[PDB]
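Engineer: Structure, please.
(chains A and B, ligands or ions: 5)
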Amino acid sequence: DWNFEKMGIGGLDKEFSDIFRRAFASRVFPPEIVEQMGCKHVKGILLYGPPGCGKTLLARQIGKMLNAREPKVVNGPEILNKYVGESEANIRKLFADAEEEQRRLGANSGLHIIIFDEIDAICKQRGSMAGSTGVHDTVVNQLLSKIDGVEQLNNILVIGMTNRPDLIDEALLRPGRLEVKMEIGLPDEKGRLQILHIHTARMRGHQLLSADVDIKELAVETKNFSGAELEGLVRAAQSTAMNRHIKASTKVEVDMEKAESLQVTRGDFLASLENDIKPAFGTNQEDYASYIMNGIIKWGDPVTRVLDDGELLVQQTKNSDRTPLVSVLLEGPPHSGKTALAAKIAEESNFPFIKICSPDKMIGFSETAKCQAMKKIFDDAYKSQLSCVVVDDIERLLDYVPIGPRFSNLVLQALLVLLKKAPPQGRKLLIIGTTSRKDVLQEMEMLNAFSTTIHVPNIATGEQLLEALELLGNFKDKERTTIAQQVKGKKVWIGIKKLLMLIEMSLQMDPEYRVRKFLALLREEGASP
Amino acid sequence: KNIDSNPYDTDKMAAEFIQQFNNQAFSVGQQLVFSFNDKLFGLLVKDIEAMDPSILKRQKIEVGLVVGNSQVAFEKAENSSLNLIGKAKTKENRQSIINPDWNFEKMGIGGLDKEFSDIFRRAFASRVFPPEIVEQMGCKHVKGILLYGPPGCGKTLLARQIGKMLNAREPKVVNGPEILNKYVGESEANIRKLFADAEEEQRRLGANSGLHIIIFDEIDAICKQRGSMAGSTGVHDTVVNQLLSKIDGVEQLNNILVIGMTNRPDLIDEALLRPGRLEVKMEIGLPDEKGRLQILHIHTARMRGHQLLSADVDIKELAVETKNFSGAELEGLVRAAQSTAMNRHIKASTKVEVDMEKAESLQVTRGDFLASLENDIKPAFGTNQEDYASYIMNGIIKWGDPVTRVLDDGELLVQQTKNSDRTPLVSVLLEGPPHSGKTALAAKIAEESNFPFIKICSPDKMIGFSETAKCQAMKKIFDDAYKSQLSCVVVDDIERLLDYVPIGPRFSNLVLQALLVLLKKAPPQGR
Ligand SMILES: Nc1ncnc2c1ncn2[C@@H]1O[C@H](COP(=O)(O)OP(=O)(O)OP(=O)(O)O)[C@@H](O)[C@H]1O
Ligand SMILES: Nc1ncnc2c1ncn2[C@@H]1O[C@H](COP(=O)(O)OP(=O)(O)OP(=O)(O)O)[C@@H](O)[C@H]1O
Ligand SMILES: Nc1ncnc2c1ncn2[C@@H]1O[C@H](COP(=O)(O)OP(=O)(O)O)[C@@H](O)[C@H]1O
Ligand SMILES: Nc1ncnc2c1ncn2[C@@H]1O[C@H](COP(=O)(O)OP(=O)(O)O)[C@@H](O)[C@H]1O
Ligand SMILES: [Mg+2]
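Structural biologist: Numbers count the residues shown, from 1 in each chain, chains lettered A, B, ... in the order given. Ligands and ions are numbered 1, 2, ... in the order given. Okay, here it is:
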């Protein structure tokens, strides 16, 4: 039987299918033919995937599916990092029961399962990439010798677990030990629909769930939701709906007046979905809501062209089969409005995964820490069906300073490789960057890595300045006429950001001196190419 | 400018809307101006629906026509003070539920209302109902809470009050670094000697025992590896593994509840923040004016009962001269306002003797409060009186126009940074030739600013420091300024922080790449 909808696990049908078809087909056939052929039994499995997706449930379910003892448990950083001379004793103790049973009745016993949580720490000499590795080869050598060294056993089965699959030494994966490896992944719409159908099953049985609640629609509003957070959403909804019936006094007592009629309504689901349970591979209206701070105003031609090009790039990266990766670089003079446009372009992609790697959250970090943080941010984007990332103010990550010059050579070389890297098969990406010194990056050869570039200009005519002032709607018609009497017969040079500060400074004077001070200010800072 | 709280009849508003905009085209998202009772309002189109067929004979549309029999429903915008009455009010919003009515005065906490309600609704809403209905639903009670805020704002008191409200055993206590004790075999023994009572009670009484609160402290020392991601430092993390194994996993318990309290929310590993582990997260901040009033009104109740408080000592007034006063410093002020009052009625002659003739009339008076407010409690997140006291040395005397110009410009900037909403951050750089008086003309502007929080970061207190120490000190000083509704900060001799020396140059590139970043960082929100 493979009734994988009653055991408790949902959204994983092919994974268990393959795992059984290959590994555990010998332990289900009658022992007669199994002995006649002489086929040996697998004694190792490696599951790897993102954290909080349902890896332990599968382990316990596979253990129970074949009648066996209660699975043991271990932890990675626990067995290691204890008093010397005792870790080996613990490792030897781990298999004591299996060894005793084998010595007692030989080749006729029950499976003894183990679950080696977080295996990519102790059995890892590949710790030297940017910092340093640890001298702990004793543990890995002892484990390898025990599982299969110069001796063998037939009453064991080792299941590993890890969220970093590229930190495992090949010595622990040669055929004969830890052969079958599988990858668990984030569920899609059908997976979420199945998952939401199990965690709320007892409530529906006892007519304690209102008929308005819709699961089909609830399966379309949670995008890139991990498996373990639907449980959190359901629990939050249950808590919210049941808090109305706790009206009490100095000493809290249950409101027995209407203990019945305790019904959960769609409103509570929606409330818990908007205010609480913030996703892991889903982003919020916090990161891309502090960069944009005064909206976007159309003061001329450039805004429309830039937004149109952004939309074209997005629609290319969403409907192409031969260019899974696209990049674009924004540039312009300082105080021109580069950062405030990248966020606006990215916000309208309706992309499930959005993140912003800015330099203001890394203050005082060393080189290696910054490289590792950037690498982690990039790695957290290959796991979603389609994503989008932003890298703003590049020239303050490299630490460029005109004197010297002085850059950091360990960040540029990571940035180039990561910019030219392609994601796994089937997925897509889009990278946007903003910089204010185009003449410097060209020397470093970086510009040849970016697919395309766009130019963001400043205000360069009296008409555009007047239009911006009108749209901002601050000065009256008379003052606008007075200003136009001067600005029109000349040229201007001022970025959009500086205009807000100049207007704010000017507005604080007396009512009759709000124009002269502004005009005086525009002569010193502005109109100065 | 014309906002008012007077009620507005939606039925009349809808009738006037139809009477005016009849046979007119409207589209979703359209913005227009509507006049009602000589009052102007801004209208934004939200939903449009077609009519039903006539009697002789609710689709959504984007554009349509308005007629006499059309219906209009008015809803106030977000954070709108407009008062709307009548049946022409559609109610599609989100408000959760009506939390149980609370009486904070009896418990003894003031200024914390939303946080208390949220914590009770989330963590504890499922530990009050009988086990029957909870079992029928199927649930796994929350077993984790995290709190973080400035010291002395009433964090532990919340936990103790909530624990004593729900009949439960006396809470234990542990200290963060105290559990980091030399060698293994004692720290692990300490971890073991925390849940033995809980597990024994669970085994003895099954799934019917009482709650066992366990209050931590400085949880950012243990379970802290981000501290290694710095310019220096570095330490292996081993104790977090034991606590993680006990809290969740095999032999899990059903009558435990951890409560972690910290001070640096960003020095926490992601290991101890994922659903199933410490779930909820709340923050406690400095109290505001009404908070200070409520706090004071609670600590001076016993004296008022027995008629020990004079009639002229108003409590309302004292809530307007204490700005950015922490929670505990109000208790400190109240305590210090009594020693002075009661230190008068004591005579000593070869031995301290309690006075007898004037023992009665022992009443605390305004003088005690005023003296204590000026020379007793020294605030922490508040205005100093020594920093900008030794900088300006011999006053300021006019010698021409430039002094007037500089002072006027400073005043204009300091008023803009207080009556603006589109530019929360403004910075100005003074400069001139050496030996000209550009450090006694900034302290004067800061002192005339009148902002509650005024600090001065100067190189005089960083003699012999390396680069990392300077970075840490500057970061801490700047961070402290995000905890007040207004802040002014001064940097002196920027050339000295960078260590410039023209046999070179030999500047420091780890301080110049932080000073640039800091000067562009909008405060969290509305500060
Ligand atoms: N059409 C517009 N284009 C760009 N910015 C605009 C526009 N209209 C208004 N703004 C405002 O301009 C500001 C641009 O952002 P910001 O001041 O951070 O510029 P920046 O180029 O990112 O700065 P810096 O060069 O210092 O990194 C934002 O406050 C945005 O509200
Ligand atoms: N504009 C001014 N008018 C009158 N007196 C002034 C003025 N500016 C400063 N003073 C006085 O002169 C002295 C100024 O000394 P201060 O330490 O400020 O020197 P400085 O040249 O600004 O310093 P530094 O060389 O470190 O930049 C103080 O006594 C101050 O009272
Ligand atoms: N695919 C899934 N279906 C149903 N429940 C799940 C699933 N994945 C996780 N859960 C729930 O999450 C809880 C913890 O998940 P766990 O297996 O510890 O995640 P991880 O494998 O990352 O450690 C389990 O008790 C289980 O009920
Ligand atoms: N909101 C508050 N209401 C009443 N008293 C408070 C409040 N906050 C702090 N206090 C007072 O401060 C004293 C100590 O507070 P404490 O719990 O040590 O603060 P922290 O949580 O920062 O350690 C208590 O005796 C308490 O009376
Ligand atoms: Mg000086």
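Engineer: from the stretch 301-450 of chain B, which residue is nearest to ligand 4?
Structural biologist: residue B:327 (3.1 Å; C-beta to the nearest ligand atom). (Each C-beta comes from the backbone N, C-alpha and C, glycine too.)
Engineer: do the stretch 301-450 of chain A as well
Structural biologist: Counting by C-beta to the nearest ligand atom, the stretch 301-450 of chain A gets nearest ligand 4 through residue A:363, at 26.4 Å.
Engineer: tell me the contacts of that residue?
Structural biologist: Residues counted as contacts of residue A:363 (C-beta atoms under 8 Å, 6 or more residues apart in numbering or on different chains) are B:471, B:475, B:514, B:517-518.
Engineer: Just give the nearest non-adjacent residue to whatever residue of the stretch 101-250 of chain A ends up closest to ligand 4, would you?
Structural biologist: Residue nearest to ligand 4 within the stretch 101-250 of chain A: residue A:250 (17.6 Å; C-beta to the nearest ligand atom). Take residue A:250 and drop its neighbours on the chain: the residue closest to it by C-beta to C-beta, 6 or more residues apart in numbering or on different chains is residue B:106, 6.5 Å away.
Engineer: Can you give me the separation between the one you found and ligand 4?
Structural biologist: 12 Å (C-beta to the nearest ligand atom, to the nearest Å).
Engineer: Next, find the distance separating that residue from residue B:301.
Structural biologist: Applying C-beta to C-beta, to the nearest Å, the value for residue B:106 to residue B:301 is 11 Å.
Engineer: repeat for residue B:422
Structural biologist: From residue B:422 across to residue B:301, the span is 45 Å (C-beta to C-beta).
Engineer: show me the residues around residue B:505 that make contact.
Structural biologist: Residues near residue B:505 by C-beta under 8 Å, 6+ apart: residue A:403.
Engineer: With residue B:185 instead?
Structural biologist: Counting by C-beta under 8 Å, 6+ apart, residue B:185 touches residue A:83.
Engineer: Dihedrals phi and psi, it?
Structural biologist: When quoted as degrees, to the nearest 10, the phi and psi of residue B:185 stand at phi 100, psi -20.
Engineer: Give me the distance between the closest residue to ligand 1 within chain B and residue B:54.
Structural biologist: Closest approach of chain B to ligand 1 (C-beta to the nearest ligand atom) occurs at residue B:520, with a separation of 6.3 Å. Counting by C-beta to C-beta, the gap from residue B:520 to residue B:54 is 63 Å.
Engineer: Which one's more surrounded, those two?
Structural biologist: residue B:520 (12 against 6; other C-beta atoms under 10 Å in any protein chain shown).
Engineer: List, one by one, the residues from the stretch 201-350 of chain B near ligand 4.
Structural biologist: B:295, B:298, B:327-328, B:331 (C-beta under 6 Å from any ligand atom).
Engineer: For the stretch 51-200 of chain B, just list every one of the helices.
Structural biologist: B:104-107, B:114-119, B:131-137, B:156-165, B:187-192, B:196-205 (DSSP state H, counting those that start in this stretch).
Engineer: Hmm, residue A:278 is touching residue A:284, no?
Structural biologist: Yes: look at residue A:278 against residue A:284 with C-beta atoms under 8 Å: they come within range, at 5.9 Å.
Engineer: Which residue does the stretch 401-527 of chain B have closest to chain A?
Structural biologist: Here the residue of the stretch 401-527 of chain B nearest chain A is residue B:471; by C-beta to the nearest C-beta that distance is 4.6 Å.
Engineer: how close does that residue sit to ligand 3?
Structural biologist: 37 Å.
Engineer: Next SSE downstream of whichever strand or helix holds that residue?
Structural biologist: Per DSSP states H and E: residue B:471 is located in helix B:467-480. Downstream of helix B:467-480, the next assigned helix or strand under DSSP H and E is helix B:494-497.
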